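S.K.: Can you keep this structure in mind? I'll have questions shortly.
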Amino acid sequence: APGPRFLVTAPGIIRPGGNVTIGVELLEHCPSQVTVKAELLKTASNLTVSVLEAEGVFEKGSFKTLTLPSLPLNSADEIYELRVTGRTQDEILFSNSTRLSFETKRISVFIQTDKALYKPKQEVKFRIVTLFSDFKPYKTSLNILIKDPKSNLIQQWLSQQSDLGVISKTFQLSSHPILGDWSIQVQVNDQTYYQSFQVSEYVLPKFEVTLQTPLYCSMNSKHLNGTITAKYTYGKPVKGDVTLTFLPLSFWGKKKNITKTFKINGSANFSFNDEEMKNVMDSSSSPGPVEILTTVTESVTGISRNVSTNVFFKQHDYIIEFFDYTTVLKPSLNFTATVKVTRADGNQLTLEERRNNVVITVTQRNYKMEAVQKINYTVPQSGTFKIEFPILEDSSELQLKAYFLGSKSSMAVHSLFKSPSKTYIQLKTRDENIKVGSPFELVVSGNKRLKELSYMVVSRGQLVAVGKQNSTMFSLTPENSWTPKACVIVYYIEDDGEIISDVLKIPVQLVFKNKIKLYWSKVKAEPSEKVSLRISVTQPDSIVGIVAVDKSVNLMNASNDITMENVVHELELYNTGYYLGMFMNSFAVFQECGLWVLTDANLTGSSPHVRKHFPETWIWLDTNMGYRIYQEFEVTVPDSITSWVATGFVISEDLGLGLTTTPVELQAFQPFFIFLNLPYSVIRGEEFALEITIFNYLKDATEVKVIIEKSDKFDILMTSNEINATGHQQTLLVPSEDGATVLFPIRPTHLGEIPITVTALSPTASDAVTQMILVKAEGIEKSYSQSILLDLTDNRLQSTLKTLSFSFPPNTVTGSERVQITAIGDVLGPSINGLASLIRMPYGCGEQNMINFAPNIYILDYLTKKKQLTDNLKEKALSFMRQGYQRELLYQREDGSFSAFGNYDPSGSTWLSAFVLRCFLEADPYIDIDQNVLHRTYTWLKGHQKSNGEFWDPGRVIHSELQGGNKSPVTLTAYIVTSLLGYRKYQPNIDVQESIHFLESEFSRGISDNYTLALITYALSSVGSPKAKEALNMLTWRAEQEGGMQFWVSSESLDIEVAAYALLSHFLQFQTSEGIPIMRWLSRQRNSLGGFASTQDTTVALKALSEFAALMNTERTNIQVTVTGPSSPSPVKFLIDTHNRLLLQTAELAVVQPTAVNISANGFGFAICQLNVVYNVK
Ligand SMILES: *[C@@H]1O[C@H](CO)[C@@H](O[C@@H]2O[C@H](CO)[C@@H](O)[C@H](O)[C@H]2NC(C)=O)[C@H](O)[C@H]1NC(C)=O
Ligand SMILES: *[C@@H]1O[C@H](CO)[C@@H](O[C@@H]2O[C@H](CO)[C@@H](O)[C@H](O)[C@H]2NC(C)=O)[C@H](O)[C@H]1NC(C)=O
Ligand SMILES: *[C@@H]1O[C@H](CO)[C@@H](O[C@@H]2O[C@H](CO)[C@@H](O)[C@H](O)[C@H]2NC(C)=O)[C@H](O)[C@H]1NC(C)=O
Ligand SMILES: *[C@@H]1O[C@H](CO)[C@@H](O[C@@H]2O[C@H](CO)[C@@H](O)[C@H](O)[C@H]2NC(C)=O)[C@H](O)[C@H]1NC(C)=O
Ligand SMILES: *[C@@H]1O[C@H](CO)[C@@H](O)[C@H](O)[C@H]1NC(C)=O
Ligand SMILES: *[C@@H]1O[C@H](CO)[C@@H](O)[C@H](O)[C@H]1NC(C)=O
Ligand SMILES: *[C@@H]1O[C@H](CO)[C@@H](O)[C@H](O)[C@H]1NC(C)=O
Ligand SMILES: *[C@@H]1O[C@H](CO)[C@@H](O)[C@H](O)[C@H]1NC(C)=O
Ligand SMILES: *[C@@H]1O[C@H](CO)[C@@H](O)[C@H](O)[C@H]1NC(C)=O
Ligand SMILES: *[C@@H]1O[C@H](CO)[C@@H](O)[C@H](O)[C@H]1NC(C)=O
Ligand SMILES: *[C@@H]1O[C@H](CO)[C@@H](O)[C@H](O)[C@H]1NC(C)=O
């Protein structure tokens, strides 16, 4: 019985925590019972170890799954092989294997902060939510790390435990923190996940602008219309002015723009006629998009808010758009498509235009004979209509062209399925919206009589369903693992053994089995009124996280909450990319979502309430329900006149994660209130005009007396009638449903936060508000920072005492002085995750071989000296060194010189041979380097030395940035001396004394250039010359120092070169404590771009960073730092061990003139203490 026997489909990817499910189908020509064993093998260091395995017995004519056990989540990117072996009772039947791609995303995490914009002296409250792939809660140990934009580790929590996946943590910011995008990192299992939140100086806006405009606009349209809605947070309309800039984005023309300035009361309509886009199509061939910018200024405060939208311009009045069409042509089957014909402005299509028929031209070409057919179709009321036309059997390319009233659309389908029997099937879906649990219908059509169909459903690179359907139409029920995109592959085998298949990719909308509903007790409430928030969940023993914030937090255009969009983005992150194969007849159709097939089937009169409490985050609740499905939490409404927006999430062990469908709003509003137009920061002594806006929303115009309370922290400039208080009260008239503004000149006289109490009294109502102004100090801000390294790596000494002093300038503004002291146990280095991307194959020419070779050596030396090198990366690294060493040894000539092309170039380069000697000398503890090659390079470099010691280059260097290091011969001598000066390991008799005398003479005449000076300093520090100290001192004199920063800026990569060379000069002269600002400059010049830029400064920078780590390579740290002195009445103690070695611990000291501290370190290791002084001058 010849024919097909088996068909085994296994996915080509593997993720940790996901079961590798394969599908086995046994056919008519196979025996009764076939035992299928699937093995997973890990290939490390040319050892293949069977990690996971499973076995099963399958019967003839049955389609079942063989499921492997789950991979552990601790695994990494190793070589994985899947081997499938199907056996009979006395003989094997198939035995094959493949490679598997690895995906690093194993679990889901959500970092929810209460807001994304934070003021200084605030508190960040956040939750870490750890879930599985099927959104069940995950219990694990993890680390939380909060860092500044300068990437110093400021806060950390080590080995926290998650109670049902939710971790609630808080973090108090400093008084003056580093402004910018702070980062929260979670190191769960072996993966780091990031979440950025901004810390800046901002004032919360009290209203929002929405701009309702059509997305498209026709050129033949007479008017472009739109609506502007400026609305307060508490729901009242905004009375103000609008400036409207209609600006074409044509870069060919000028900045011509229509401007329209008018008035707005809540909502306002605008329209532009053709005399307002007459400058627009003058400026624009095809027209580009235009920008409509709205600036609304509130007429009582002057606070302006601007929004912008983009409008695309279409040349025709109607747009004809297509969907629901197969991307692969199927011969002898009906092509179906759905057409939306809509107007440009988005309005409904009129009954007059419905009489015009859409002319659709089909063009089937055998790519060269073509068949062209024009069909007329009617248009419905909604404008969405389906077309269906047959396809001829020889058609290879289909061209569709639709015309309607001059509007044209066209596309072409070129992908043709080829079959020897010319038998094809088509799988189509009828439901536009597919959800989880709702069954959806599938229709299978074919040009011939169909056999028993077999369907396989694959989602997230995992085969999640199998089965056999005999009917040509069947219903399938999606599950939670099908999200977001599912492959339904429907196939059957003909009598000659040919597989006939179709693959349908469908988006599956995720529904949640767990539901959480939030209800306020009231829709509208007053401030300081007790309301109740009711939480209703689906299941008991659930943990509920509730956030309820100000609406202006949502109006800050930044949010870090857990919503449906983040869940959809994480589900799209679960989806992966796929690769290609050899495409026998349908294996591309199989591999459309990553499937690898094994088969043989192809062969042959009261005081007002004083409003003081103004928070931005009202409710930050983290509770456990226990036995309750609903709970009522009683809260007090704060004093902010706004709307409070509440959302939340629920986590249960049975159902998983659940989210609120809509945010629920509570309106905190009173009809008579006070608004203070305040900036964030005022300087002390400056007279600023406080703007008090009395908002009256009653039905009558009221005479309001505004009374500001006296304080000793500020002065009111204008006087009052009485002598008890100056500027005590003012009188004004506020209209009904409007606001009025009164100015008060205020001169603050004290630093810090100052309270202002404003009381508005009317015969109808009253209000009182107490608000904080942050008053800073006048003058110009200056910063000083001094760093001291305390070294305890030697076990002879145990206590080290150092002194740090600073004297203030005499023109310092009093009260502006701030003294901080930070202690760290280790420096911030390059991150290992990006540096693993910096290791590569040595390829190309010899200079390209060095470009792909040398940073691998210096990165391997750096993580060898930092003790963070994994074994697989190590074996890959030394494999790269061996192959790069062989590729560089291909380019060695007969005289020992090296070049880019080897023997093809006429003369070799001295600089490239020096680079060869330096890289091969560094690589010699790691790989085996032949000493005759190194001796030949010594003799060829020594043969190019003159009598004075000056060296000369007869060769050529192709690359610019390799030759960009200063072609003057003094740099050549210094580079060849610092490359030849590592050669003392083998023999120590190197006579470069004439060259050292030449470099000392070149230093003695006086150097203007700067890289050259750093190279002379490194050479003289390496030989231990007496002129090295003067050169390093004058190079430190040439350095720019600011903010604990020492660097060199060239007036014309080279800055990193001079910083690393002077750093190695400081290390070789035992001035380790002075290299710390340069080391911080090296730490800061690599944060935004991963590793180090280019290669030539990358090598020297990682050499200096590994040379620091080799000097302080003690893995045990137990350092106690005690800070005493006149500036500290209590001794400040920092404890540094191996866990908090990266923690930048900080402490604040009193202001004593002059500021002097004594820092005593006791223990073992090394520590760095930095004294920072911030002062304002006049
Ligand atoms: C866009 O706004 C303009 C505002 O002028 C509208 O033009 C007016 O339309 C009404 C109703 O047809 C006429 O009675 C007026 O005489 C028109 N005013 C003019 C031309 O200045 C226009 O209809 C609006 N278009 C849309 C699509 O809403
Ligand atoms: C719209 O165009 C006008 C010019 O027709 C711009 O007005 C000038 O703008 C510049 C830059 O702000 C000012 O320096 C001039 O004093 C303005 N003069 C006039 C005559 O208005 C206007 O700024 C444009 N609007 C936008 C937002 O692009
Ligand atoms: C070598 O680097 C130093 C920086 O340390 C350069 O000196 C700076 O020159 C600029 C531009 O005129 C000044 O604004 C700085 O004040 C200087 N800083 C210091 C620390 O002196 C110097 O110019 C560089 N040399 C060359 C040849 O580029
Ligand atoms: C801080 O360090 C200084 C310098 O070590 C200490 O200086 C003292 O100076 C007086 C001068 O008469 C000597 O008599 C002391 O013996 C010194 N003490 C030493 C050397 O430790 C100073 O006392 C230290 N104390 C504080 C808290 O500032
Ligand atoms: C893997 O199989 C086990 C065994 O039943 C099951 O509990 C687990 O949920 C499966 N995991 C996935 C991701 O399907
Ligand atoms: C299994 O491996 C062999 C050896 O390369 C190969 O010839 C064959 O095509 C593979 N597949 C099957 C189904 O035997
Ligand atoms: C703006 O146009 C809409 C659409 O007809 C209309 O309902 C609304 O009243 C208009 N607003 C103003 C202020 O004219
Ligand atoms: C609004 O205007 C200010 C001041 O020019 C500008 O800083 C801000 O970016 C603008 N915002 C928008 C959304 O255009
Ligand atoms: C294609 O559509 C026409 C018109 O409804 C119908 O007669 C024909 O049977 C269809 N063919 C297939 C294969 O569905
Ligand atoms: C479509 O309408 C045009 C114009 O009336 C006519 O010339 C053409 O023959 C029509 N085509 C069909 C298929 O009815
Ligand atoms: C599938 O349906 C056909 C048509 O009725 C029938 O002949 C065949 O036996 C069915 N196969 C199975 C396995 O039910």
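Residue numbering restarts at 1 for every chain of the structure tokens, chains are lettered A, B, ... in their displayed order, and ligands are numbered from 1 as they appear.
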Excluding segment 702-704 of chain A and any residue of its chain fewer than 5 positions from it, enumerate the residues within 10 Å of it, using only C-alpha atoms, and give them as a PyMOL selection string.
M.R.: chain A and resi 694+696+730-736+740+759-766
S.K.: With ligand 7 as the partner and 8 Å as the cut-off, tabulate the residues of chain A that qualify, each row holding the nearest pair of atoms and their distance in Å to one decimal, using only C-alpha atoms and all ligand atoms, sorted by chain and rising number, as JSON lines.
M.R.:
```
{"residue": "A:226", "atom": "CA", "partner": "ligand 7", "partner_atom_place_in_ligand_line": "1 (C)", "distance": 7.9}
{"residue": "A:227", "atom": "CA", "partner": "ligand 7", "partner_atom_place_in_ligand_line": "1 (C)", "distance": 6.6}
{"residue": "A:267", "atom": "CA", "partner": "ligand 7", "partner_atom_place_in_ligand_line": "13 (C)", "distance": 6.0}
{"residue": "A:268", "atom": "CA", "partner": "ligand 7", "partner_atom_place_in_ligand_line": "13 (C)", "distance": 4.6}
{"residue": "A:269", "atom": "CA", "partner": "ligand 7", "partner_atom_place_in_ligand_line": "1 (C)", "distance": 4.9}
```
S.K.: Can I get the selected residues back with C-alpha atoms, as a PDB file, in the first residue's frame?
M.R.:
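What follows is the written file result.pdb:
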```pdb
ATOM      1  CA  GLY A 226     -14.503  71.888  12.637  1.00  0.00           C
ATOM      2  CA  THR A 227     -15.399  72.250  16.293  1.00  0.00           C
ATOM      3  CA  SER A 267     -17.797  75.134  22.048  1.00  0.00           C
ATOM      4  CA  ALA A 268     -17.197  77.060  18.840  1.00  0.00           C
ATOM      5  CA  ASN A 269     -17.425  76.151  15.158  1.00  0.00           C
TER       6      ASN A 269
END
```
S.K.: I want to know what sits within 12 Å of residue 876 of chain A, based on only C-alpha atoms, with residues of the same chain fewer than 3 positions away left out; could you give that as an NGL selection string?
M.R.: :A and (44-46 or 78 or 836 or 839-841 or 856-857 or 860 or 869-873 or 879-883)
S.K.: Find the residue from A:747, A:802, A:222, A:239 that sits nearest to ligand 4; use only C-alpha atoms and all ligand atoms when measuring.
M.R.: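 Distance minimum relative to ligand 4 lands on A:802.
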S.K.: Identify, on the basis of only C-alpha atoms, every residue whose closest approach to residue 719 of chain A does not exceed 12 Å; exclude the query and any residue fewer than 2 positions from it along the same chain; express the result as a ChimeraX atom specification.
M.R.: /A:715-717,721-730,744-746
S.K.: Could you find all residues in segment 831-1041 of chain A that DSSP calls alpha helix (DSSP H) from the backbone, and write them as a VMD selection string?
M.R.: chain A and resid 832 to 835 846 to 851 854 to 866 871 to 889 910 to 923 931 to 942 960 to 963 969 to 980 993 to 1005 1011 to 1023 1028 to 1037
S.K.: Once you count only C-alpha atoms and all ligand atoms, which residues end up within 7 Å of ligand 6, and could you hand them over as a short mmCIF file (atom, residue, chain, number, x, y, z; two decimals) with N, CA, C and O atoms, in the first residue's frame?
M.R.:
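To be explicit, this is the file written out as result-v8.cif:
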```
data_model
loop_
_atom_site.label_atom_id
_atom_site.label_comp_id
_atom_site.auth_asym_id
_atom_site.auth_seq_id
_atom_site.Cartn_x
_atom_site.Cartn_y
_atom_site.Cartn_z
N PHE A 94 10.11 7.17 11.30
CA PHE A 94 10.84 8.38 10.94
C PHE A 94 11.66 8.82 12.14
O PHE A 94 11.32 8.52 13.28
N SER A 95 12.74 9.54 11.86
CA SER A 95 13.60 10.07 12.93
C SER A 95 14.33 11.28 12.37
O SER A 95 15.29 11.13 11.61
N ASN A 96 13.89 12.48 12.75
CA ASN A 96 14.49 13.70 12.23
C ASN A 96 14.58 14.72 13.35
O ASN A 96 14.12 14.49 14.47
N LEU A 598 6.87 17.52 9.36
CA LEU A 598 7.47 16.22 9.05
C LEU A 598 6.43 15.37 8.36
O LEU A 598 5.48 14.92 9.00
N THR A 599 6.62 15.11 7.07
CA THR A 599 5.72 14.21 6.37
C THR A 599 6.44 13.55 5.21
O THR A 599 7.51 13.98 4.78
N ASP A 600 5.83 12.48 4.71
CA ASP A 600 6.24 11.82 3.48
C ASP A 600 5.19 11.95 2.39
O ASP A 600 5.22 11.20 1.41
#
```
S.K.: Please check which protein, DNA or RNA residues sit within 9 Å of ligand 10, counting only C-alpha atoms and all ligand atoms, and write them as a list in words.
M.R.: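 After applying the 9 Å limit, what remains is residues 357, 358, 359, 373, 374, 375, 376 and 377 of chain A.
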S.K.: Give me the chain A side of the contact with ligand 3, cut-off 8 Å, one line per residue showing its nearest atom pair and distance in Å at one decimal, counting only C-alpha atoms and all ligand atoms, sorted by chain and residue number, as a Markdown table.
M.R.:
```
| residue | atom | partner | partner_atom_place_in_ligand_line | distance |
| --- | --- | --- | --- | --- |
| A:1008 | CA | ligand 3 | 27 (C) | 5.5 |
| A:1009 | CA | ligand 3 | 27 (C) | 4.3 |
| A:1010 | CA | ligand 3 | 1 (C) | 5.0 |
| A:1011 | CA | ligand 3 | 1 (C) | 7.9 |
| A:1035 | CA | ligand 3 | 5 (O) | 7.9 |
| A:1036 | CA | ligand 3 | 5 (O) | 7.9 |
| A:1037 | CA | ligand 3 | 20 (C) | 6.7 |
| A:1038 | CA | ligand 3 | 21 (O) | 4.2 |
| A:1039 | CA | ligand 3 | 5 (O) | 3.3 |
| A:1040 | CA | ligand 3 | 20 (C) | 3.3 |
| A:1041 | CA | ligand 3 | 20 (C) | 6.8 |
| A:1046 | CA | ligand 3 | 5 (O) | 7.8 |
| A:1047 | CA | ligand 3 | 5 (O) | 5.7 |
| A:1048 | CA | ligand 3 | 5 (O) | 3.6 |
| A:1049 | CA | ligand 3 | 4 (C) | 4.4 |
| A:1050 | CA | ligand 3 | 28 (O) | 3.6 |
| A:1051 | CA | ligand 3 | 28 (O) | 4.1 |
| A:1052 | CA | ligand 3 | 28 (O) | 6.2 |
| A:1055 | CA | ligand 3 | 2 (O) | 7.9 |
```
S.K.: Counting only C-alpha atoms and all ligand atoms, what are the residues, protein, DNA or RNA alike, that approach ligand 2 to within 9 Å? I want them as number ranges by chain.
M.R.: A: 243-247, 255-259, 293
S.K.: Within 8 Å of segment 565-576 of chain A, counting only C-alpha atoms, which residues qualify if same-chain residues fewer than 6 places away don't, as a list in words?
M.R.: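 Near segment 565-576 of chain A, the qualifying residues are residues 105, 108, 460, 461, 483, 484 and 485 of chain A.
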S.K.: Show me which residues sit within 7 Å of ligand 4 when counting only C-alpha atoms and all ligand atoms, and put them as a PDB file with N, CA and C atoms, in the first residue's frame.
M.R.:
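Saved to out.pdb:
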```
ATOM      1  N   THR A 803      39.673  64.060  54.770  1.00  0.00           N
ATOM      2  CA  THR A 803      39.030  65.326  55.091  1.00  0.00           C
ATOM      3  C   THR A 803      38.561  65.996  53.810  1.00  0.00           C
ATOM      4  N   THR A1124      31.835  62.618  60.220  1.00  0.00           N
ATOM      5  CA  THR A1124      31.798  63.517  61.367  1.00  0.00           C
ATOM      6  C   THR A1124      32.263  64.903  60.933  1.00  0.00           C
ATOM      7  N   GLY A1125      32.313  65.824  61.890  1.00  0.00           N
ATOM      8  CA  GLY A1125      32.831  67.147  61.634  1.00  0.00           C
ATOM      9  C   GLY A1125      31.963  68.240  62.217  1.00  0.00           C
ATOM     10  N   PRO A1126      32.335  69.502  61.971  1.00  0.00           N
ATOM     11  CA  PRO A1126      31.490  70.616  62.432  1.00  0.00           C
ATOM     12  C   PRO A1126      30.186  70.752  61.668  1.00  0.00           C
ATOM     13  N   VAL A1157      34.145  68.152  56.523  1.00  0.00           N
ATOM     14  CA  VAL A1157      33.752  66.860  57.062  1.00  0.00           C
ATOM     15  C   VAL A1157      34.972  65.953  57.140  1.00  0.00           C
ATOM     16  N   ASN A1158      34.912  65.016  58.079  1.00  0.00           N
ATOM     17  CA  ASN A1158      35.914  63.935  58.171  1.00  0.00           C
ATOM     18  C   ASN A1158      35.216  62.617  57.871  1.00  0.00           C
TER      19      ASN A1158
END
```
